[PDB]
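Engineer: Provided below: entry-v3.tsv, containing TSV, N, CA, C and O atoms.
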chain	number	residue	atom	x	y	z
A	1	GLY	N	167.54	-46.57	119.16
A	1	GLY	CA	167.97	-47.69	119.98
A	1	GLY	C	166.93	-48.82	119.96
A	1	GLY	O	165.98	-48.81	120.74
A	2	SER	N	167.14	-49.75	119.05
A	2	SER	CA	166.24	-50.88	118.91
A	2	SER	C	164.85	-50.39	118.50
A	2	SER	O	164.39	-49.35	118.97
A	3	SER	N	164.22	-51.16	117.62
A	3	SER	CA	162.89	-50.81	117.14
A	3	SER	C	162.09	-52.09	116.85
A	3	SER	O	162.65	-53.08	116.38
A	4	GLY	N	160.80	-52.01	117.13
A	4	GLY	CA	159.92	-53.15	116.90
A	4	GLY	C	159.09	-53.46	118.15
A	4	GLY	O	159.63	-53.97	119.13
A	5	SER	N	157.81	-53.15	118.07
A	5	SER	CA	156.91	-53.40	119.18
A	5	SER	C	155.48	-53.58	118.66
A	5	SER	O	155.10	-53.00	117.64
A	6	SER	N	154.72	-54.38	119.39
A	6	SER	CA	153.34	-54.64	119.02
A	6	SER	C	153.29	-55.43	117.71
A	6	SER	O	154.27	-55.47	116.97
A	7	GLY	N	152.13	-56.02	117.45
A	7	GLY	CA	151.95	-56.80	116.24
A	7	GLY	C	150.46	-56.95	115.91
A	7	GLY	O	149.60	-56.50	116.67
A	8	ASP	N	150.20	-57.58	114.77
A	8	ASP	CA	148.83	-57.78	114.33
A	8	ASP	C	148.82	-58.78	113.17
A	8	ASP	O	149.86	-59.06	112.57
A	9	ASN	N	147.63	-59.30	112.89
A	9	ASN	CA	147.48	-60.27	111.81
A	9	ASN	C	146.09	-60.10	111.18
A	9	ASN	O	145.97	-59.97	109.96
A	10	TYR	N	145.08	-60.10	112.04
A	10	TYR	CA	143.71	-59.95	111.58
A	10	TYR	C	142.87	-59.18	112.60
A	10	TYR	O	142.59	-59.69	113.68
A	11	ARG	N	142.50	-57.97	112.23
A	11	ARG	CA	141.70	-57.13	113.10
A	11	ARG	C	141.43	-55.78	112.43
A	11	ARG	O	142.32	-55.19	111.83
A	12	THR	N	140.19	-55.32	112.56
A	12	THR	CA	139.79	-54.05	111.98
A	12	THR	C	140.85	-52.99	112.26
A	12	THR	O	141.39	-52.91	113.36
A	13	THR	N	141.12	-52.19	111.23
A	13	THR	CA	142.11	-51.13	111.35
A	13	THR	C	141.43	-49.81	111.74
A	13	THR	O	140.58	-49.31	111.01
A	14	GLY	N	141.84	-49.29	112.89
A	14	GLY	CA	141.29	-48.04	113.38
A	14	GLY	C	141.96	-46.84	112.71
A	14	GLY	O	142.41	-45.92	113.39
A	15	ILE	N	142.01	-46.89	111.39
A	15	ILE	CA	142.62	-45.82	110.62
A	15	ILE	C	141.57	-44.74	110.33
A	15	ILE	O	140.37	-45.01	110.40
A	16	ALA	N	142.06	-43.55	110.02
A	16	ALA	CA	141.18	-42.44	109.71
A	16	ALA	C	141.90	-41.46	108.78
A	16	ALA	O	143.01	-41.03	109.07
A	17	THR	N	141.23	-41.15	107.68
A	17	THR	CA	141.79	-40.23	106.70
A	17	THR	C	141.66	-38.79	107.18
A	17	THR	O	140.59	-38.37	107.62
A	18	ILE	N	142.77	-38.06	107.09
A	18	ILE	CA	142.79	-36.67	107.51
A	18	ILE	C	143.19	-35.79	106.33
A	18	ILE	O	144.08	-36.14	105.56
A	19	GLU	N	142.51	-34.66	106.22
A	19	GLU	CA	142.78	-33.72	105.14
A	19	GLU	C	143.69	-32.59	105.63
A	19	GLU	O	143.27	-31.76	106.43
A	20	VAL	N	144.92	-32.61	105.14
A	20	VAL	CA	145.89	-31.60	105.51
A	20	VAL	C	145.92	-30.50	104.45
A	20	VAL	O	146.11	-30.79	103.26
A	21	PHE	N	145.75	-29.27	104.90
A	21	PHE	CA	145.76	-28.13	103.99
A	21	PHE	C	147.00	-27.26	104.22
A	21	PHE	O	147.01	-26.41	105.10
A	22	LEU	N	148.02	-27.52	103.41
A	22	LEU	CA	149.26	-26.77	103.51
A	22	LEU	C	149.03	-25.34	103.01
A	22	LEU	O	148.12	-25.09	102.22
A	23	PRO	N	149.89	-24.41	103.52
A	23	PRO	CA	149.79	-23.01	103.13
A	23	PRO	C	150.32	-22.80	101.71
A	23	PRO	O	151.02	-23.65	101.17
A	24	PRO	N	149.97	-21.62	101.14
A	24	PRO	CA	150.41	-21.28	99.80
A	24	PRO	C	151.88	-20.87	99.79
A	24	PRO	O	152.23	-19.78	99.34
A	25	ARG	N	152.71	-21.78	100.29
A	25	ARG	CA	154.14	-21.53	100.34
A	25	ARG	C	154.91	-22.75	99.84
A	25	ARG	O	155.83	-22.62	99.03
A	26	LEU	N	154.51	-23.91	100.35
A	26	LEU	CA	155.16	-25.15	99.96
A	26	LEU	C	154.54	-25.66	98.65
A	26	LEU	O	155.24	-25.81	97.65
A	27	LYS	N	153.24	-25.90	98.70
A	27	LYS	CA	152.52	-26.38	97.54
A	27	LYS	C	153.22	-27.63	96.99
A	27	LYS	O	154.24	-27.52	96.30
A	28	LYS	N	152.66	-28.78	97.32
A	28	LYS	CA	153.21	-30.04	96.87
A	28	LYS	C	152.27	-30.67	95.84
A	28	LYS	O	152.71	-31.07	94.76
A	29	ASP	N	151.00	-30.74	96.21
A	29	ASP	CA	150.00	-31.32	95.34
A	29	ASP	C	148.61	-30.99	95.88
A	29	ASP	O	148.47	-30.24	96.85
A	30	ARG	N	147.60	-31.57	95.24
A	30	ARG	CA	146.23	-31.35	95.64
A	30	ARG	C	146.05	-31.68	97.13
A	30	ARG	O	147.03	-31.95	97.82
A	31	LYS	N	144.80	-31.64	97.57
A	31	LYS	CA	144.49	-31.93	98.96
A	31	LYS	C	145.26	-33.17	99.40
A	31	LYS	O	145.08	-34.25	98.84
A	32	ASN	N	146.10	-32.98	100.40
A	32	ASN	CA	146.91	-34.07	100.93
A	32	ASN	C	146.12	-34.80	102.02
A	32	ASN	O	145.58	-34.17	102.93
A	33	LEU	N	146.07	-36.12	101.89
A	33	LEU	CA	145.35	-36.94	102.85
A	33	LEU	C	146.36	-37.67	103.74
A	33	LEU	O	147.36	-38.19	103.25
A	34	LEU	N	146.06	-37.68	105.03
A	34	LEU	CA	146.92	-38.33	105.99
A	34	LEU	C	146.14	-39.43	106.71
A	34	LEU	O	145.13	-39.15	107.36
A	35	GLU	N	146.63	-40.65	106.58
A	35	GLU	CA	145.99	-41.79	107.21
A	35	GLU	C	146.66	-42.10	108.55
A	35	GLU	O	147.83	-42.45	108.60
A	36	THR	N	145.87	-41.96	109.61
A	36	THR	CA	146.37	-42.22	110.95
A	36	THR	C	145.24	-42.74	111.85
A	36	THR	O	144.07	-42.64	111.50
A	37	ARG	N	145.64	-43.29	112.99
A	37	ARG	CA	144.68	-43.83	113.94
A	37	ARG	C	144.03	-42.69	114.73
A	37	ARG	O	144.31	-41.52	114.49
A	38	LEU	N	143.18	-43.08	115.67
A	38	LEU	CA	142.49	-42.12	116.50
A	38	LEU	C	143.02	-42.21	117.94
A	38	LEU	O	142.90	-41.27	118.71
A	39	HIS	N	143.59	-43.37	118.24
A	39	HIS	CA	144.14	-43.60	119.57
A	39	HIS	C	145.34	-42.69	119.80
A	39	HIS	O	145.62	-42.29	120.93
A	40	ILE	N	146.03	-42.38	118.71
A	40	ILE	CA	147.20	-41.52	118.77
A	40	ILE	C	146.80	-40.18	119.40
A	40	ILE	O	145.71	-39.68	119.15
A	41	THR	N	147.72	-39.65	120.20
A	41	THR	CA	147.48	-38.38	120.86
A	41	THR	C	147.61	-37.22	119.87
A	41	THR	O	148.47	-37.25	118.99
A	42	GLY	N	146.74	-36.23	120.04
A	42	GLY	CA	146.75	-35.07	119.17
A	42	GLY	C	148.18	-34.58	118.92
A	42	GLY	O	148.48	-34.04	117.86
A	43	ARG	N	149.03	-34.79	119.92
A	43	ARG	CA	150.42	-34.38	119.83
A	43	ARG	C	151.13	-35.16	118.72
A	43	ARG	O	151.93	-34.60	117.97
A	44	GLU	N	150.81	-36.45	118.64
A	44	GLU	CA	151.40	-37.31	117.64
A	44	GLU	C	151.12	-36.76	116.23
A	44	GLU	O	151.97	-36.86	115.35
A	45	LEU	N	149.93	-36.21	116.08
A	45	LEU	CA	149.52	-35.65	114.80
A	45	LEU	C	150.45	-34.49	114.44
A	45	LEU	O	151.18	-34.56	113.45
A	46	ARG	N	150.40	-33.45	115.26
A	46	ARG	CA	151.23	-32.28	115.03
A	46	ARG	C	152.65	-32.70	114.64
A	46	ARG	O	153.32	-32.00	113.89
A	47	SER	N	153.06	-33.85	115.16
A	47	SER	CA	154.38	-34.37	114.87
A	47	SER	C	154.35	-35.19	113.58
A	47	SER	O	155.29	-35.13	112.78
A	48	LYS	N	153.27	-35.93	113.41
A	48	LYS	CA	153.11	-36.76	112.23
A	48	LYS	C	153.21	-35.88	110.98
A	48	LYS	O	154.18	-35.98	110.23
A	49	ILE	N	152.21	-35.04	110.80
A	49	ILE	CA	152.18	-34.15	109.65
A	49	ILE	C	153.59	-33.63	109.37
A	49	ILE	O	154.08	-33.72	108.25
A	50	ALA	N	154.21	-33.10	110.42
A	50	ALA	CA	155.55	-32.57	110.30
A	50	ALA	C	156.44	-33.60	109.60
A	50	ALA	O	156.85	-33.40	108.46
A	51	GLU	N	156.72	-34.68	110.32
A	51	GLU	CA	157.56	-35.74	109.78
A	51	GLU	C	157.04	-36.17	108.41
A	51	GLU	O	157.83	-36.37	107.48
A	52	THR	N	155.73	-36.31	108.32
A	52	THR	CA	155.10	-36.72	107.07
A	52	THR	C	155.61	-35.86	105.91
A	52	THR	O	156.25	-36.38	104.99
A	53	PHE	N	155.32	-34.57	105.99
A	53	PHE	CA	155.75	-33.64	104.96
A	53	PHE	C	157.13	-33.05	105.29
A	53	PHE	O	157.50	-32.01	104.75
A	54	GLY	N	157.84	-33.75	106.16
A	54	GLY	CA	159.16	-33.31	106.57
A	54	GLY	C	159.13	-31.86	107.07
A	54	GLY	O	160.16	-31.20	107.13
A	55	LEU	N	157.93	-31.42	107.42
A	55	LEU	CA	157.75	-30.06	107.91
A	55	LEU	C	158.14	-30.01	109.39
A	55	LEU	O	158.66	-30.98	109.93
A	56	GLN	N	157.89	-28.86	110.00
A	56	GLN	CA	158.21	-28.66	111.40
A	56	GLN	C	156.99	-28.95	112.27
A	56	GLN	O	155.86	-28.63	111.89
A	57	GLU	N	157.25	-29.54	113.43
A	57	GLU	CA	156.18	-29.87	114.36
A	57	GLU	C	156.15	-28.86	115.51
A	57	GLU	O	155.09	-28.61	116.09
A	58	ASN	N	157.32	-28.31	115.80
A	58	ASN	CA	157.43	-27.33	116.87
A	58	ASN	C	157.24	-25.93	116.30
A	58	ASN	O	157.46	-24.93	116.99
A	59	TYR	N	156.82	-25.89	115.04
A	59	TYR	CA	156.59	-24.62	114.37
A	59	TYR	C	155.32	-24.67	113.53
A	59	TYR	O	155.23	-24.02	112.48
A	60	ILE	N	154.36	-25.45	114.01
A	60	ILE	CA	153.09	-25.59	113.32
A	60	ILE	C	151.99	-25.92	114.33
A	60	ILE	O	152.28	-26.36	115.44
A	61	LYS	N	150.76	-25.69	113.91
A	61	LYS	CA	149.61	-25.96	114.77
A	61	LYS	C	148.41	-26.35	113.90
A	61	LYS	O	148.05	-25.63	112.98
A	62	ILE	N	147.82	-27.49	114.24
A	62	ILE	CA	146.67	-27.98	113.50
A	62	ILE	C	145.42	-27.22	113.96
A	62	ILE	O	145.36	-26.75	115.10
A	63	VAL	N	144.46	-27.13	113.05
A	63	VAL	CA	143.21	-26.44	113.35
A	63	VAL	C	142.04	-27.26	112.82
A	63	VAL	O	142.07	-27.73	111.68
A	64	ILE	N	141.03	-27.41	113.66
A	64	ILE	CA	139.85	-28.16	113.29
A	64	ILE	C	138.62	-27.52	113.93
A	64	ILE	O	138.60	-27.27	115.14
A	65	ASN	N	137.61	-27.28	113.10
A	65	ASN	CA	136.38	-26.67	113.58
A	65	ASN	C	136.69	-25.30	114.17
A	65	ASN	O	136.34	-25.01	115.31
A	66	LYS	N	137.34	-24.47	113.36
A	66	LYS	CA	137.69	-23.13	113.78
A	66	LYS	C	138.23	-23.18	115.21
A	66	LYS	O	138.12	-22.21	115.96
A	67	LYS	N	138.81	-24.33	115.56
A	67	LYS	CA	139.36	-24.52	116.88
A	67	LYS	C	140.81	-25.00	116.76
A	67	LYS	O	141.32	-25.17	115.66
A	68	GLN	N	141.43	-25.19	117.91
A	68	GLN	CA	142.81	-25.65	117.95
A	68	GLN	C	142.88	-27.13	118.30
A	68	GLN	O	142.08	-27.62	119.10
A	69	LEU	N	143.83	-27.82	117.68
A	69	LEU	CA	144.00	-29.24	117.91
A	69	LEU	C	144.41	-29.46	119.37
A	69	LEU	O	145.40	-28.90	119.84
A	70	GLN	N	143.63	-30.29	120.05
A	70	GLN	CA	143.89	-30.60	121.44
A	70	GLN	C	144.92	-31.72	121.55
A	70	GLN	O	144.56	-32.89	121.63
A	71	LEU	N	146.19	-31.33	121.56
A	71	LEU	CA	147.27	-32.29	121.65
A	71	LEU	C	147.16	-33.05	122.98
A	71	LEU	O	147.65	-34.17	123.10
A	72	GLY	N	146.50	-32.40	123.94
A	72	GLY	CA	146.32	-33.01	125.25
A	72	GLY	C	145.18	-34.03	125.22
A	72	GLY	O	144.97	-34.74	126.20
A	73	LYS	N	144.48	-34.07	124.10
A	73	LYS	CA	143.38	-34.99	123.94
A	73	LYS	C	143.59	-35.83	122.67
A	73	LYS	O	144.10	-35.32	121.67
A	74	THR	N	143.19	-37.08	122.75
A	74	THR	CA	143.33	-37.99	121.62
A	74	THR	C	142.42	-37.56	120.48
A	74	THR	O	141.38	-36.95	120.71
A	75	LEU	N	142.84	-37.90	119.27
A	75	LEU	CA	142.07	-37.56	118.08
A	75	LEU	C	140.59	-37.84	118.35
A	75	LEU	O	139.72	-37.08	117.92
A	76	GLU	N	140.34	-38.94	119.05
A	76	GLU	CA	138.98	-39.33	119.37
A	76	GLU	C	138.42	-38.43	120.47
A	76	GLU	O	137.25	-38.03	120.42
A	77	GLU	N	139.27	-38.14	121.45
A	77	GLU	CA	138.87	-37.29	122.56
A	77	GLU	C	138.38	-35.93	122.04
A	77	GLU	O	137.27	-35.52	122.34
A	78	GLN	N	139.25	-35.28	121.29
A	78	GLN	CA	138.93	-33.98	120.73
A	78	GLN	C	137.67	-34.07	119.86
A	78	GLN	O	136.80	-33.20	119.94
A	79	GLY	N	137.62	-35.12	119.06
A	79	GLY	CA	136.48	-35.34	118.18
A	79	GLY	C	136.93	-35.42	116.72
A	79	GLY	O	136.43	-34.67	115.88
A	80	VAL	N	137.85	-36.33	116.47
A	80	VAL	CA	138.37	-36.51	115.12
A	80	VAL	C	137.89	-37.86	114.58
A	80	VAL	O	138.26	-38.91	115.10
A	81	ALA	N	137.08	-37.78	113.54
A	81	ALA	CA	136.54	-38.98	112.92
A	81	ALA	C	137.22	-39.20	111.56
A	81	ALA	O	138.23	-38.57	111.26
A	82	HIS	N	136.63	-40.09	110.77
A	82	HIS	CA	137.17	-40.39	109.46
A	82	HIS	C	136.70	-39.33	108.46
A	82	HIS	O	135.62	-38.75	108.62
A	83	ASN	N	137.52	-39.12	107.44
A	83	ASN	CA	137.20	-38.14	106.42
A	83	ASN	C	137.02	-36.77	107.06
A	83	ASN	O	135.97	-36.14	106.92
A	84	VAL	N	138.06	-36.33	107.76
A	84	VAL	CA	138.03	-35.04	108.43
A	84	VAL	C	138.99	-34.08	107.72
A	84	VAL	O	139.77	-34.50	106.86
A	85	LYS	N	138.91	-32.82	108.11
A	85	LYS	CA	139.76	-31.80	107.52
A	85	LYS	C	140.60	-31.15	108.62
A	85	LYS	O	140.16	-31.06	109.77
A	86	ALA	N	141.79	-30.71	108.23
A	86	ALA	CA	142.69	-30.07	109.17
A	86	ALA	C	143.51	-29.00	108.44
A	86	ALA	O	143.84	-29.16	107.27
A	87	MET	N	143.80	-27.93	109.16
A	87	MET	CA	144.56	-26.83	108.60
A	87	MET	C	145.95	-26.74	109.25
A	87	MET	O	146.10	-27.03	110.43
A	88	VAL	N	146.91	-26.33	108.44
A	88	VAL	CA	148.28	-26.19	108.92
A	88	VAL	C	148.62	-24.71	109.07
A	88	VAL	O	148.60	-23.96	108.10
A	89	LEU	N	148.91	-24.33	110.31
A	89	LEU	CA	149.25	-22.94	110.60
A	89	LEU	C	150.70	-22.87	111.08
A	89	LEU	O	151.25	-23.86	111.57
A	90	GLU	N	151.29	-21.69	110.91
A	90	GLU	CA	152.67	-21.48	111.32
A	90	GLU	C	152.72	-20.54	112.52
A	90	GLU	O	152.21	-19.42	112.47
A	91	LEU	N	153.35	-21.02	113.58
A	91	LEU	CA	153.49	-20.24	114.80
A	91	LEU	C	154.09	-18.88	114.46
A	91	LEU	O	154.61	-18.68	113.36
A	92	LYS	N	154.01	-17.97	115.42
A	92	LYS	CA	154.54	-16.63	115.24
A	92	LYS	C	155.96	-16.57	115.81
A	92	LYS	O	156.40	-17.50	116.48
A	93	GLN	N	156.62	-15.45	115.54
A	93	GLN	CA	157.98	-15.26	116.02
A	93	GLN	C	158.06	-15.59	117.52
A	93	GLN	O	157.39	-14.95	118.33
A	94	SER	N	158.89	-16.57	117.83
A	94	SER	CA	159.07	-16.99	119.21
A	94	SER	C	160.42	-16.52	119.73
A	94	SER	O	161.46	-17.10	119.40
A	95	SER	N	160.38	-15.46	120.52
A	95	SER	CA	161.59	-14.90	121.09
A	95	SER	C	161.92	-15.59	122.42
A	95	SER	O	162.98	-16.21	122.55
A	96	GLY	N	161.00	-15.47	123.36
A	96	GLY	CA	161.17	-16.08	124.66
A	96	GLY	C	162.46	-15.59	125.32
A	96	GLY	O	162.87	-14.45	125.14
A	97	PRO	N	163.10	-16.52	126.10
A	97	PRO	CA	164.33	-16.19	126.79
A	97	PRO	C	165.51	-16.16	125.81
A	97	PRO	O	165.65	-17.05	124.97
A	98	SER	N	166.33	-15.12	125.95
A	98	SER	CA	167.49	-14.96	125.09
A	98	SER	C	168.33	-16.23	125.11
A	98	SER	O	168.39	-16.93	126.12
A	99	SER	N	168.97	-16.50	123.98
A	99	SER	CA	169.81	-17.68	123.85
A	99	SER	C	171.27	-17.31	124.12
A	99	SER	O	171.80	-16.38	123.51
A	100	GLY	N	171.87	-18.05	125.03
A	100	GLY	CA	173.26	-17.82	125.39
A	100	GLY	C	174.07	-19.12	125.35
A	100	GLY	O	175.19	-19.17	125.85
Take the structure from the file and write it as structure tokens.

Structural biologist:
Amino acid sequence: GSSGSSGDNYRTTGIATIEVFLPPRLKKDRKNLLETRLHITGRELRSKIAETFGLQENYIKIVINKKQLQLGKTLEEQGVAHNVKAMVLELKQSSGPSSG
């Protein structure tokens, strides 16, 4: 429903290269780099990568520094700088409440 917000012309770009490491299942190409801002919420990432590689966002989890991506914290908050690395993990069987 309608699209188009914010603008720019001349101003430093708060972009940051991210290294996405897909599992030995998809295999698309060498180390995949993802260019994104830092202001974006960690959640946006988990979603970005997904959409990016058309993968799933509700079925994946980023990992950085043998830690988990803090979707509740901004890339900057958690501590995501430029030229960083990230791992793509696949959630486990999610049963939860039966579907009716």

Engineer: Point out the residue among A:95, A:73, A:90, A:83 with the least atom-to-atom distance to residue 44 (chain A), counting only C-alpha atoms.

Structural biologist: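 That would be A:73, the residue with the smallest distance to residue 44 (chain A).
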
Engineer: Taking 2 positions as the minimum chain separation for residues in the same chain, which residues sit within 12 Å of residue 55 (chain A) when counting only C-alpha atoms? Answer as a PyMOL selection string.

Structural biologist: chain A and resi 22-23+25-26+28+46-53+57-61+88-90

Engineer: Considering all atoms listed in the file, state which residue in the set A:43, A:37, A:92, A:85 is at the smallest distance from residue 70 (chain A).

Structural biologist: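 Between A:43, A:37, A:92, A:85, the residue approaching residue 70 (chain A) most closely is A:43.
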
Engineer: Scan for residues within 8 Å of the point (141.2, -44.1, 111.1) in the coordinates of the file, using only C-alpha atoms, and reply as a list in words.

Structural biologist: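 Protein and nucleic acid residues near the point are residues 13, 14, 15, 16, 17, 35, 36, 37, 38, 81 and 82 of chain A.
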
Engineer: Any chance you could list, as JSON, numbers by chain, the residues in region 48-86 of chain A that come up strand (DSSP E) when DSSP is run on the backbone?

Structural biologist: {"A": [61, 62, 63, 64, 67, 68, 84, 85, 86]}

Engineer: Write out as number ranges by chain the set of residues from chain A that DSSP, computed on the backbone, places in helix (DSSP H, G or I).

Structural biologist: A: 42-52, 75-78

Engineer: Taking 6 positions as the minimum chain separation for residues in the same chain, which residues sit within 7 Å of residue 21 (chain A) when counting only C-alpha atoms? Answer as a PyMOL selection string.

Structural biologist: chain A and resi 31-32+86-88

Engineer: Emit the selected residues as a short mmCIF file (atom, residue, chain, number, x, y, z; two decimals), in the frame of the given file, including N, CA, C and O atoms.

Structural biologist:
data_model
loop_
_atom_site.label_atom_id
_atom_site.label_comp_id
_atom_site.auth_asym_id
_atom_site.auth_seq_id
_atom_site.Cartn_x
_atom_site.Cartn_y
_atom_site.Cartn_z
N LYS A 31 144.80 -31.64 97.57
CA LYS A 31 144.49 -31.93 98.96
C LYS A 31 145.26 -33.17 99.40
O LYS A 31 145.08 -34.25 98.84
N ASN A 32 146.10 -32.98 100.40
CA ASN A 32 146.91 -34.07 100.93
C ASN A 32 146.12 -34.80 102.02
O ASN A 32 145.58 -34.17 102.93
N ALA A 86 141.79 -30.71 108.23
CA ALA A 86 142.69 -30.07 109.17
C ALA A 86 143.51 -29.00 108.44
O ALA A 86 143.84 -29.16 107.27
N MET A 87 143.80 -27.93 109.16
CA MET A 87 144.56 -26.83 108.60
C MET A 87 145.95 -26.74 109.25
O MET A 87 146.10 -27.03 110.43
N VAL A 88 146.91 -26.33 108.44
CA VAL A 88 148.28 -26.19 108.92
C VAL A 88 148.62 -24.71 109.07
O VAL A 88 148.60 -23.96 108.10
#

Engineer: Distance atom C of residue 74 (chain A)-atom O of residue 42 (chain A), one decimal place?

Structural biologist: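 Separation of atom C of residue 74 (chain A) and atom O of residue 42 (chain A): 7.5 Å.
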
Engineer: Here is a test: counting only N, CA, C and O atoms, which residue of A:29, A:97, A:39, A:62 is nearest to residue 76 (chain A)?

Structural biologist: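 Looking only at the distances to residue 76 (chain A), the closest residue turns out to be A:39.
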